[PDB]
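Peer 1: Below is a structure I'd like to ask you about.
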Amino acid sequence: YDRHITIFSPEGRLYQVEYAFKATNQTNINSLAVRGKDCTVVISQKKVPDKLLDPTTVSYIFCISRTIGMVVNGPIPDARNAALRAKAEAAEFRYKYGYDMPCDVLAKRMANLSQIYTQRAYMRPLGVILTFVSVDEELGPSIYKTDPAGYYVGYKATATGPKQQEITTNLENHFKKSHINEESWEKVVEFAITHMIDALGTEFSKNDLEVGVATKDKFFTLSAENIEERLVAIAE
Amino acid sequence: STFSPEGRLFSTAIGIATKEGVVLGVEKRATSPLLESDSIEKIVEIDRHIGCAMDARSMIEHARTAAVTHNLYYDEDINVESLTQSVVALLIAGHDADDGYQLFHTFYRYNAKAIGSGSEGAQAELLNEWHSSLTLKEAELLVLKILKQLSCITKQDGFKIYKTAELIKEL
Amino acid sequence: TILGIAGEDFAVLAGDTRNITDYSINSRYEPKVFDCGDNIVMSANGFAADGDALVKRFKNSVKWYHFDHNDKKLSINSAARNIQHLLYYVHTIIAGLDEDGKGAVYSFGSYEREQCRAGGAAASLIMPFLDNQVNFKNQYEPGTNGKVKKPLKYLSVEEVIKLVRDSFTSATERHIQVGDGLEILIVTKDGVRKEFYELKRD
Amino acid sequence: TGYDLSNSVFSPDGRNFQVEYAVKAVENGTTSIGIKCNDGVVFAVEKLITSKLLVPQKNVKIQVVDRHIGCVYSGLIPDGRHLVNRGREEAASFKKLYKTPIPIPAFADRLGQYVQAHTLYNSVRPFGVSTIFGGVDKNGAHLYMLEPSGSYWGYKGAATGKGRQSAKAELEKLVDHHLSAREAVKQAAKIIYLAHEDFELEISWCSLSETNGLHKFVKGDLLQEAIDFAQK
Amino acid sequence: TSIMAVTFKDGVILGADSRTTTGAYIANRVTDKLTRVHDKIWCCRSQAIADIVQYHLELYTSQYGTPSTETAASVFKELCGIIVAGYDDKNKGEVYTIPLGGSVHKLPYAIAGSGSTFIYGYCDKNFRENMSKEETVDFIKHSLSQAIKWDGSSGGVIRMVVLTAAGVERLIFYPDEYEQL
Amino acid sequence: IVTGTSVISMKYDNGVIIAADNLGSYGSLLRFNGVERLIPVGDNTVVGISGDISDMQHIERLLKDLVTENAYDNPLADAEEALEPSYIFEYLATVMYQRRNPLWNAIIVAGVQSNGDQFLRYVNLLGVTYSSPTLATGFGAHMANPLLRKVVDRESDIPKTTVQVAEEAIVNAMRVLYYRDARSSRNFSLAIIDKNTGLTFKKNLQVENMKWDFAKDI
Amino acid sequence: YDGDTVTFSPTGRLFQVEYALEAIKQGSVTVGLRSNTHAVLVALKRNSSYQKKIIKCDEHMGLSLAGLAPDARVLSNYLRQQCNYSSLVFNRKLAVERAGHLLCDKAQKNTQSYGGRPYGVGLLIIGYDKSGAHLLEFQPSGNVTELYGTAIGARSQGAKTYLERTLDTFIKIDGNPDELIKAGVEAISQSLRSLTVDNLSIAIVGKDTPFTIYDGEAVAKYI
Amino acid sequence: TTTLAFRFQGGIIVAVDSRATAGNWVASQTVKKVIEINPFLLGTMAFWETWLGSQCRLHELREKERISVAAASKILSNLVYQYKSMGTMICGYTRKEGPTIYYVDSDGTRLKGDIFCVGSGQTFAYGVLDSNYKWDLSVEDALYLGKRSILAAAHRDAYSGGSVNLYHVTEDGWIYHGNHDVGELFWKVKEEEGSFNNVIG
Amino acid sequence: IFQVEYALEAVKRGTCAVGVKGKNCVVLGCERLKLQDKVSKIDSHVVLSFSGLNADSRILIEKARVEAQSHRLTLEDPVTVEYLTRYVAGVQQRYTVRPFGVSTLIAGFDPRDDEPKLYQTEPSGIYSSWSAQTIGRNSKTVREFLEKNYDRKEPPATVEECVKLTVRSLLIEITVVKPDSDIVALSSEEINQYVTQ
């Protein structure tokens with residue numbers, strides 16, 4: 001029964017947590033986040049299989065707070081649960097401690113919740129990987145990623161999804177050759193889209209992407225027209 | 001707390017219900033001469049006009065509490081059918097001014113009923129022997145007959161437990 | 001003000017229909033005595049809201065009684081005991097026929113069955129006159145030198161109606177809170193009869 | 001096998017099987033659809049006649065929440081009623097706190113969080129219904145559809161139930177060839193009859209112009225016009 | 001205190017004095033009494049519950065989207081006088097007042113605090129619908145200056161917050177400026 | 001501390017008339033002049049409220065919740081299963097008695113029952129309720145009832161009281177209340193609920209024909 | 001998959017609820033029918049005395065049970081409590097449709113929460129209110145259906161088919177309480193494989209008729 | 001109110017008045033101030049006793065023997081002390097206690113004794129009991145003593161009177177020796193004894 | 001129930017205890033390594049003996065003592081032996097994650113009474129009265145001895161007869177309970193004189 005609840009197998013492995021990682025890939029979309037000089041950009045594939053869907057609602061990027069944004073890899077119900085909990089925690093921190101929750105504090109709090117699910121047998125882990133992006137008041141642009149095991153760490157740039165390894169190789173190549181040195185968020189968004197295209201070998205329309213930009217005192221999501229401007233700027 | 005696919009959930013006490021009273025009897029069946037027969041209370045009172053013949057003690061405590069509560073609340077003797085739905089195989093017998101003398105064993109009112117390992121033959125004997133014109137004397141004697149093959153509730157006496165030697169001699 | 005009188009195979013429960021606050025009349029016809037069925041008549045005066053709550057809860061209790069006993073006519077003593085256990089800044093009076101067919105008036109826990117009982121503001125104006133006229137208190141047979149008391153005969157429902165009307169007319173005369181109309185409910189073997197009599201409206 | 005006997009368990013594939021079985025329960029339900037018109041939403045459901053003894057209309061299936069949200073679902077109808085009761089409680093609480101009718105996206109999120117919560121614990125069962133719901137609020141018309149997993153999205157048109165596939169095939173044609181509310185009612189009737197291939201058509205709708213944004217049922221002459229158009 | 005919210009042609013202007021007193025002693029003569037509970041929603045007590053209301057409004061903004069000024073007043077009411085003034089492009093500038101009774105009243109302009117008593121007649125005669133920004137500012141200056149001149153527990157500098165579709169603009173007027181009005 | 005005073009009403013041969021002034025007084029200060037205190041709850045019911053305005057708004061919220069919840073799973077909520085004046089009155093009385101943290105109000109629920117009987121009942125913060133051919137609340141219970149009771153002294157006067165007679169009586173009672181009540185306003189709302197015509201709700205009525213000329217002699 | 005109420009089968013069925021439905025088919029048939037003015041319950045009891053199938057909730061409503069009687073007593077207790085609450089808080093006679101929906105919402109809880117079991121009793125509820133005469137059929141799954149007539153319990157299919165073919169007739173029976181009872185007793189007879197004065201039970205409610213039950217000699221004239 | 005209970009060779013005599021007043025208004029002159037808890041227990045008061053009788057019925061059903069007077073008085077005193085101006089005697093007979101009187105009051109005290117008088121007229125009842133009481137009184141003498149002791153309090157105490165209800169607690173249960181109207185009783189006593197000389201008539 | 005029957009097995013492995021009640025007293029006797037070096041008073045008038053899991057007997061005895069004192073605190077009268085037996089049986093019933101593997105003999109006298117009482121309780125929560133009884137290991141063997149040496153029409157008349165019968169049955173500690181709160185364990189030398197005799 002060690003594979004049905006979060007208890008150790010003879011190998012010391014928590015098989016339910018390992019299966020929870022597998023669930024994260026079942027939405028089959030890839031995302032990447034890069035840090036600019038003064039901003040953070042998140043790119044995510046907005047795959048819309050059904051023509052009757054309203055694409056405006058299909059979205060895995062969440063505005064957790066004025067400054068923090070979150071992109072989720074995994075089932076949308078669990079993703080929305082995580083987003084609601086993160087919004088609640090950010091508001092409670094702003095209330096208790098008088099200032100906006102830092103990105104990494106939110107990541108730690110969410111990873112501690114995830115760890116709790118990983119040790120109490122009553123509760124299953126959420127099958128979502130949470131990637132928080134913000135421009136911290138102190139540390140500047142930040143990317144923190146949390147996983148079902150309760151592990152989290154900060155990133156220079158990160159990718160997540162079935163083709164995570166390829167996007168990671170692309171980013172590693174660029175970082176070796178070269179944060180992304182840019183003067184405004186549009187250029188870093190264009191760079192992120194370019195590397196997404198190259199890693200995935202697939203061109204994107206304004207409908208295939210969802211983009212979130214973290215800037216000083218605002219995390220905002222690009223509308224389809226804004227993403228169209230970026231795609232034109234790349235086509236040029 | 002589960003249903004079977006066929007839809008259903010997964011001593012010998014003999015009673016007669018006459019129009020002059022309801023008679024109950026039990027085989028004490030002491031396991032040894034050391035067990036004090038005085039303490040084999042297999043027929044018990046539930047109320048001044050209600051008794052039953054046998055989890056037992058707890059259910060009887062709750063039934064007695066319900067009956068006294070009803071009497072306190074309404075100053076009326078609880079209806080036997082109401083008691084059955086407000087409270088081991090049971091023979092519950094009592095009297096009231098609504099349905100008179102009743103005997104119950106989910107519940108079903110019975111003119112006469114028996115329970116236990118001898119129930120299968122006892123019910124046939126009752127079916128052959130019982131008649132509406134039974135006076136309390138013949139009812140008591142037929143109780144003893146079926147046992148060999150006491151207590152009563154009356155409008156004057158209420159519930160009382162049994163002179164029993166005199167009835168075996170009269171038997 | 002309410003008034004219950006038990007008699008020979010009848011009982012009456014009467015009360016004035018006026019409703020007041022401070023020195024102002026709220027309504028001139030607010031019925032105060034209720035025919036509760038089962039040949040029981042009841043009235044819960046005192047603080048209005050608690051009386052209403054008590055009546056409502058007693059109606060709930062009697063509905064449950066009817067449920068458990070297959071719509072059996074609730075006896076006056078059973079109703080009285082129920083009303084105790086339910087008990088509110090209220091002075092309840094219930095009247096009806098007992099199991100022997102005699103008139104019965106119950107006053108309220110601590111219920112007391114009594115031959116007559118008044119309640120409300122003008123109970124003090126009404127009750128002594130009823131003691132004198134129904135119970136013949138302080139009356140002796142003439143010429144006996146105070147040795148032989150006047151026998152306690154029973155009054156017919158007509159005489160009791162007259163007594164109630166005159167008692168409430170006097171209370172209306174001398175009590176400012178009493179009297180716009182008189183509501184009298186007679187309980188007998190036939191059922192519950194309702195009578196209304198006008199009183200002075202000042 | 002073995003990993004699908006409980007609600008909290010992930011399979012080695014990463015899938016929660018009890019939710020997929022709840023989806024299987026939905027696909028057995030009768031066909032219900034929703035259509036978003038330029039200023040409102042239209043709901044329709046095929047009400048299968050079990051016998052001639054059913055009263056011809058009074059077994060209503062579409063449900064209103066507050067006054068501006070309408071809900072229709074397929075699958076275990078009692079679970080749909082349970083979900084709608086929770087939705088009514090949520091809307092009532094929101095109106096109590098904030099004096100304003102709950103926005104449709106907010107209501108959708110509340111219902112999704114409730115349905116998803118039933119997939120967290122082994123002690124509770126997933127909902128056996130996919131619920132099309134929508135209405136009109138300060139931001140216009142919204143149409144949503146829950147799945148037993150708690151997943152939901154906004155839709156231009158939605159269909160679920162046994163005939164969901166045919167209904168979807170005709171919703172695609174609606175969207176590709178355009179739809180005002182008046183026309184939307186008739187199109188909903190046509191789509192329900194096409195998907196049916198005895199039953200009762202029940203239609204409802206909520207349009208800013210034609211109902212002032214409040215949810216109303218289609219009755220009388222408009223209902224019959226939809227009937228004869230669809231038969232036409 | 002002497003707080004004053006006035007809707008005008010382009011939005012709402014919320015203004016207050018800067019004096020706080022404990023008895024006759026002025027505890028603080030430069031207090032900022034205008035409280036930003038949400039981006040375009042500002043309130044004015046006539047502190048802990050202000051934090052609670054900001055908490056609940058951030059929670060609302062995260063769950064259900066941008067709250068209205070009526071939403072803010074509702075949150076005050078359900079937690080509970082207050083003048084809640086705000087702006088949005090759907091409703092434009094709004095003023096709500098929540099006197100001690102706890103009832104909520106949407107108004108064209110609102111005055112509160114001890115100083116408001118002395119300028120009920122003045123504001124009634126001088127207020128006009130859809131004034132310009134300059135006219136609204138002058139109106140508030142004169143009203144609050146009279147309230148300060150009469151109310152002992154009111155004084156110091158006059159602060160204003162101008163809420164408009166353009167943005168939030170803060171103004172300050174010193175006694176050397178308004179006492180001569 | 002914000003309160004409204006006057007609610008008066010009488011029943012007549014075909015329905016009920018109810019009126020109230022549009023004022024909210026902050027103690028001695030006539031602070032708010034637009035408060036509406038008559039709350040229609042359908043074509044057959046109006047709930048006039050007096051006392052604390054915050055509790056008045058609370059009660060309005062509860063009434064709208066009633067009208068919302070009654071329509072759930074109720075296809076006849078429009079005509080046959082619609083809320084009666086009596087159902088609303090009993091709900092409100094239950095609310096007041098539950099809170100009684102009492103709601104500091106007095107409420108007159110006026111309307112016509114589905115069978116055509118005029119409904120007119122009172123309830124206050126103590127849960128005290130009564131019915132009468134004429135009802136008034138607060139300061140009107142002393143000045144308005146004597147005037148209205150001259151029109152309908154008893155039950156038998158109701159069928160002899162026409163629409164216009166009751167209307168003019170109510171208007172005159174508002175004029176007298178404005179004369180002699182310090183916490184009253186010149187502006188009032190009036191609602192007629194006729195069994196034939198249904199709810200006929202008038203707003204922003206004016207107290208007119210006041211007499212002041214005799215002041216010059218004093 | 002069938003060992004508990006919170007598990008779906010791989011095909012989406014709830015085996016425990018289907019077993020609870022099978023529980024009803026064990027009990028004796030009860031029949032319900034109505035015109036516009038009157039609604040009638042005709043129940044076949046079984047013995048020893050016969051168990052009473054009819055239960056009275058109000059002067060305006062009552063019900064009969066098929067299956068586990070204890071589940072019936074619980075559901076009818078809850079129903080009476082809800083009617084009492086409605087009269088307590090509104091002086092409003094609880095509508096039959098609303099009472100049916102309350103039962104539906106109570107029964108559904110047991111089919112979704114672990115620890116309990118579905119109610120193994122099916123109920124026929126008849127009542128009269130402002131909307132007229134009503135007849136509801138309640139099932140363990142929580143489903144409630146408003147019907148012109150129905151029969152539940154063992155071998156009820158014969159009575160149900162008879163009611164189907166007789167529907168055109170007994171709908172027209174307005175102002176004739178006895179003819180409805182006659183049609184109902186004729187219907188329940190089709191479910192036998194016989195009726196007696198002591199075995200049969202009848203209940204009726206309508207415009208002028210409060211809910212009343214006939215047993216013993218009272219049903220002799222209808223047999 | 002005036003209630004007295006005293007023990008003598010023949011059991012217990014319990015005598016009470018009947019008056020009840022709301023201030024100066026005499027609400028009733030026929031109130032029953034003795035509750036018959038059991039055929040062997042009398043509760044004298046000057047809900048509680050309904051609770052005690054319910055507990056006694058439960059004890060009778062559960063246990064083999066009747067509830068003791070000590071147990072009943074302790075139940076009542078515990079209940080009163082939980083809700084801590086009232087005074088009661090629990091008078092009864094038990095085969096293994098004999099005749100027993102327990103005094104219980106609103107303060108929570110519980111006293112076993114031979115003689116107790118309670119209520120506004122208690123001092124006047126004591127004046128007669130203390131001077132005329134003997135252990136070896138005959139049953140008739142003890143009944144007369146209780147009647148006379150309540151008569152004294154009824155005469156001198158304004159809030160005491162109406163009628164005297166006599167109870168006798170014997171080995172076979174309590175005996176109700178009837179109701180005596182103080183109006184008739186005062187005069188009868190005055191002629192037969194020659195007492196109350198100051199009273200005209 | 002299965003767990004209750006396994007608790008009965010645990011009881012049957014426990015050391016045997018025996019009780020006999022005579023005309024005037026109840027006598028309780030009990031069957032007590034090289035380097036190692038039963039009857040519990042519940043109140044001054046009632047004693048409780050047990051056989052089975054010793055650890056569980058302490059929970060039972062503590063609960064019984066607390067109830068015996070709480071009865072005197074709530075009601076003046078000390079507990080009856082019957083009442084205490086009923087309470088102990090209730091506790092045993094209620095804990096049927098696992099039952100007590102304990103059966104008890106409860107003996108003593110009623111308050112201000114002189115008829116000796118002897119009762120038994122078993123893990124299921126059943127209880128009954130006995131004139132002589134035994135529990136524990138080989139309880140059947142010695143109960144069969146009592147069933148023929150104890151006479152219902154001539155029970156033991158004095159302390160000597162009760163102790164003699166108890167010692168014969170056991171063949172040792174002996175507790176004699178007598179009215180008016182007289183509980184005493186016999187001396188080792190006295191028990192030796194009985195055994196030799």
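Going by the structure tokens order, chains are called A, B, ..., each with residues numbered from 1, while ligands are numbered from 1 in the order shown.
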Please report as JSON lines every residue of chain D lying within 7 Å of chain A, along with the nearest atom pair and their distance in Å (one decimal), using only C-alpha atoms.

Peer 2:
```
{"residue": "D:8", "atom": "CA", "partner": "A:124", "partner_atom": "CA", "distance": 5.7}
{"residue": "D:9", "atom": "CA", "partner": "A:4", "partner_atom": "CA", "distance": 5.8}
{"residue": "D:10", "atom": "CA", "partner": "A:19", "partner_atom": "CA", "distance": 6.1}
{"residue": "D:11", "atom": "CA", "partner": "A:19", "partner_atom": "CA", "distance": 6.5}
{"residue": "D:12", "atom": "CA", "partner": "A:19", "partner_atom": "CA", "distance": 5.3}
{"residue": "D:13", "atom": "CA", "partner": "A:22", "partner_atom": "CA", "distance": 6.5}
{"residue": "D:14", "atom": "CA", "partner": "A:23", "partner_atom": "CA", "distance": 4.1}
{"residue": "D:15", "atom": "CA", "partner": "A:23", "partner_atom": "CA", "distance": 6.3}
{"residue": "D:113", "atom": "CA", "partner": "A:81", "partner_atom": "CA", "distance": 6.7}
{"residue": "D:116", "atom": "CA", "partner": "A:77", "partner_atom": "CA", "distance": 6.1}
{"residue": "D:120", "atom": "CA", "partner": "A:124", "partner_atom": "CA", "distance": 6.6}
{"residue": "D:121", "atom": "CA", "partner": "A:123", "partner_atom": "CA", "distance": 6.4}
{"residue": "D:149", "atom": "CA", "partner": "A:77", "partner_atom": "CA", "distance": 6.9}
{"residue": "D:150", "atom": "CA", "partner": "A:77", "partner_atom": "CA", "distance": 5.4}
{"residue": "D:151", "atom": "CA", "partner": "A:77", "partner_atom": "CA", "distance": 5.0}
{"residue": "D:153", "atom": "CA", "partner": "A:57", "partner_atom": "CA", "distance": 5.9}
{"residue": "D:154", "atom": "CA", "partner": "A:54", "partner_atom": "CA", "distance": 5.1}
{"residue": "D:155", "atom": "CA", "partner": "A:53", "partner_atom": "CA", "distance": 4.5}
{"residue": "D:156", "atom": "CA", "partner": "A:52", "partner_atom": "CA", "distance": 5.2}
{"residue": "D:157", "atom": "CA", "partner": "A:52", "partner_atom": "CA", "distance": 5.8}
{"residue": "D:172", "atom": "CA", "partner": "A:52", "partner_atom": "CA", "distance": 6.6}
```

Peer 1: Could you give me, as a PyMOL selection string, the residues within 9 Å of residue B:122, counting only C-alpha atoms and dropping anything in the same chain fewer than 3 positions from it?

Peer 2: chain B and resi 14+113-115+118-119+125-127+146-147+149

Peer 1: Atom CA of residue B:131 to atom CA of residue B:110: how many Å, to one decimal?

Peer 2: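 Here the two named atoms are 12.8 Å from each other.
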
Peer 1: Going by DSSP on the backbone, which bits of stretch 56-133 of chain E are strand (DSSP E)? Write them as a list in words, please.

Peer 2: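 Result set for stretch 56-133 of chain E (strand (DSSP E)): residues 82, 83, 84, 85, 86, 87, 88, 92, 93, 94, 95, 96, 97, 98, 105, 106, 107, 109, 110, 111 and 112 of chain E.
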
Peer 1: Can I get the selection written as a PDB file, in the first residue's frame, with N, CA, C and O atoms?

Peer 2:
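To be explicit, this is the file written out as result-v9.pdb:
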```pdb
ATOM      1  N   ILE E  82     -17.440  56.883   8.225  1.00  0.00           N
ATOM      2  CA  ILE E  82     -16.466  56.804   7.146  1.00  0.00           C
ATOM      3  C   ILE E  82     -17.002  57.608   5.972  1.00  0.00           C
ATOM      4  O   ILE E  82     -18.208  57.594   5.707  1.00  0.00           O
ATOM      5  N   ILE E  83     -16.117  58.307   5.272  1.00  0.00           N
ATOM      6  CA  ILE E  83     -16.398  58.792   3.927  1.00  0.00           C
ATOM      7  C   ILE E  83     -15.515  58.002   2.976  1.00  0.00           C
ATOM      8  O   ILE E  83     -14.285  58.088   3.045  1.00  0.00           O
ATOM      9  N   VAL E  84     -16.142  57.237   2.089  1.00  0.00           N
ATOM     10  CA  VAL E  84     -15.441  56.415   1.113  1.00  0.00           C
ATOM     11  C   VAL E  84     -15.618  57.077  -0.242  1.00  0.00           C
ATOM     12  O   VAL E  84     -16.736  57.151  -0.762  1.00  0.00           O
ATOM     13  N   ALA E  85     -14.522  57.551  -0.816  1.00  0.00           N
ATOM     14  CA  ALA E  85     -14.537  58.190  -2.119  1.00  0.00           C
ATOM     15  C   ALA E  85     -13.627  57.422  -3.061  1.00  0.00           C
ATOM     16  O   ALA E  85     -12.566  56.935  -2.663  1.00  0.00           O
ATOM     17  N   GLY E  86     -14.048  57.319  -4.313  1.00  0.00           N
ATOM     18  CA  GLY E  86     -13.301  56.533  -5.275  1.00  0.00           C
ATOM     19  C   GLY E  86     -13.682  56.922  -6.680  1.00  0.00           C
ATOM     20  O   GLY E  86     -14.567  57.751  -6.903  1.00  0.00           O
ATOM     21  N   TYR E  87     -12.982  56.318  -7.635  1.00  0.00           N
ATOM     22  CA  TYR E  87     -13.201  56.600  -9.043  1.00  0.00           C
ATOM     23  C   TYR E  87     -13.009  55.334  -9.861  1.00  0.00           C
ATOM     24  O   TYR E  87     -12.109  54.536  -9.589  1.00  0.00           O
ATOM     25  N   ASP E  88     -13.868  55.160 -10.861  1.00  0.00           N
ATOM     26  CA  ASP E  88     -13.671  54.153 -11.890  1.00  0.00           C
ATOM     27  C   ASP E  88     -14.357  54.641 -13.156  1.00  0.00           C
ATOM     28  O   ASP E  88     -15.280  55.458 -13.107  1.00  0.00           O
ATOM     29  N   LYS E  92     -17.468  56.566 -12.704  1.00  0.00           N
ATOM     30  CA  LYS E  92     -16.850  57.869 -12.493  1.00  0.00           C
ATOM     31  C   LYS E  92     -16.598  58.063 -11.002  1.00  0.00           C
ATOM     32  O   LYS E  92     -16.475  57.082 -10.261  1.00  0.00           O
ATOM     33  N   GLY E  93     -16.518  59.310 -10.546  1.00  0.00           N
ATOM     34  CA  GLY E  93     -16.271  59.555  -9.136  1.00  0.00           C
ATOM     35  C   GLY E  93     -17.517  59.320  -8.301  1.00  0.00           C
ATOM     36  O   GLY E  93     -18.614  59.766  -8.640  1.00  0.00           O
ATOM     37  N   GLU E  94     -17.337  58.622  -7.182  1.00  0.00           N
ATOM     38  CA  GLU E  94     -18.414  58.341  -6.247  1.00  0.00           C
ATOM     39  C   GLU E  94     -17.997  58.718  -4.836  1.00  0.00           C
ATOM     40  O   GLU E  94     -16.820  58.647  -4.477  1.00  0.00           O
ATOM     41  N   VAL E  95     -18.983  59.120  -4.041  1.00  0.00           N
ATOM     42  CA  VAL E  95     -18.796  59.415  -2.629  1.00  0.00           C
ATOM     43  C   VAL E  95     -19.834  58.624  -1.851  1.00  0.00           C
ATOM     44  O   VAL E  95     -21.028  58.692  -2.156  1.00  0.00           O
ATOM     45  N   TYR E  96     -19.379  57.871  -0.859  1.00  0.00           N
ATOM     46  CA  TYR E  96     -20.245  57.197   0.094  1.00  0.00           C
ATOM     47  C   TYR E  96     -19.890  57.654   1.494  1.00  0.00           C
ATOM     48  O   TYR E  96     -18.717  57.865   1.811  1.00  0.00           O
ATOM     49  N   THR E  97     -20.908  57.819   2.323  1.00  0.00           N
ATOM     50  CA  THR E  97     -20.730  58.169   3.719  1.00  0.00           C
ATOM     51  C   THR E  97     -21.385  57.098   4.574  1.00  0.00           C
ATOM     52  O   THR E  97     -22.444  56.573   4.224  1.00  0.00           O
ATOM     53  N   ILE E  98     -20.741  56.765   5.685  1.00  0.00           N
ATOM     54  CA  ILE E  98     -21.247  55.747   6.597  1.00  0.00           C
ATOM     55  C   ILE E  98     -21.290  56.352   7.995  1.00  0.00           C
ATOM     56  O   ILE E  98     -20.404  56.078   8.814  1.00  0.00           O
ATOM     57  N   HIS E 105     -24.754  55.788   2.540  1.00  0.00           N
ATOM     58  CA  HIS E 105     -25.465  56.777   1.738  1.00  0.00           C
ATOM     59  C   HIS E 105     -24.551  57.248   0.616  1.00  0.00           C
ATOM     60  O   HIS E 105     -23.496  57.832   0.878  1.00  0.00           O
ATOM     61  N   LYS E 106     -24.949  56.998  -0.626  1.00  0.00           N
ATOM     62  CA  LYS E 106     -24.249  57.558  -1.773  1.00  0.00           C
ATOM     63  C   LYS E 106     -24.671  59.010  -1.957  1.00  0.00           C
ATOM     64  O   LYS E 106     -25.867  59.317  -1.970  1.00  0.00           O
ATOM     65  N   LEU E 107     -23.699  59.901  -2.097  1.00  0.00           N
ATOM     66  CA  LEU E 107     -23.947  61.332  -2.073  1.00  0.00           C
ATOM     67  C   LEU E 107     -23.159  62.017  -3.177  1.00  0.00           C
ATOM     68  O   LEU E 107     -22.174  61.467  -3.679  1.00  0.00           O
ATOM     69  N   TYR E 109     -21.680  65.019  -2.581  1.00  0.00           N
ATOM     70  CA  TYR E 109     -20.579  65.490  -1.762  1.00  0.00           C
ATOM     71  C   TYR E 109     -20.893  65.124  -0.322  1.00  0.00           C
ATOM     72  O   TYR E 109     -22.056  64.976   0.058  1.00  0.00           O
ATOM     73  N   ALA E 110     -19.843  64.969   0.478  1.00  0.00           N
ATOM     74  CA  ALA E 110     -19.998  64.577   1.869  1.00  0.00           C
ATOM     75  C   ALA E 110     -19.027  65.366   2.728  1.00  0.00           C
ATOM     76  O   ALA E 110     -17.897  65.641   2.323  1.00  0.00           O
ATOM     77  N   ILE E 111     -19.488  65.732   3.918  1.00  0.00           N
ATOM     78  CA  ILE E 111     -18.670  66.395   4.921  1.00  0.00           C
ATOM     79  C   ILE E 111     -18.848  65.646   6.231  1.00  0.00           C
ATOM     80  O   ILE E 111     -19.960  65.231   6.571  1.00  0.00           O
ATOM     81  N   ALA E 112     -17.751  65.455   6.956  1.00  0.00           N
ATOM     82  CA  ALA E 112     -17.797  64.721   8.210  1.00  0.00           C
ATOM     83  C   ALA E 112     -16.791  65.324   9.177  1.00  0.00           C
ATOM     84  O   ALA E 112     -16.040  66.240   8.837  1.00  0.00           O
TER      85      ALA E 112
END
```

Peer 1: Do a neighbour search on residue D:152 at 8 Å with only C-alpha atoms, toss out local chain neighbours closer than 3 positions, and write the hits as a list in words.

Peer 2: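 The contact residues come out as residues 77 of chain A; 108, 112, 144, 145, 146 and 147 of chain D.
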
Peer 1: Could you list, as JSON, numbers by chain, every residue of chain C that has an atom within 10 Å of an atom of chain H, counting only C-alpha atoms?

Peer 2: {"C": [84, 85, 87, 109, 110, 111, 112, 113, 114, 117, 118, 119, 123, 124, 127]}

Peer 1: Taking only C-alpha atoms into account, report as a list in words which residues of chain G lie within 8 Å of chain D.

Peer 2: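 Listing them in order of chain and number gives residues 1, 6, 7, 8, 9, 10, 11, 12, 13, 104, 105, 108, 112, 113, 114, 141, 142, 143, 145, 146, 147, 148, 149, 150, 163, 164 and 167 of chain G.
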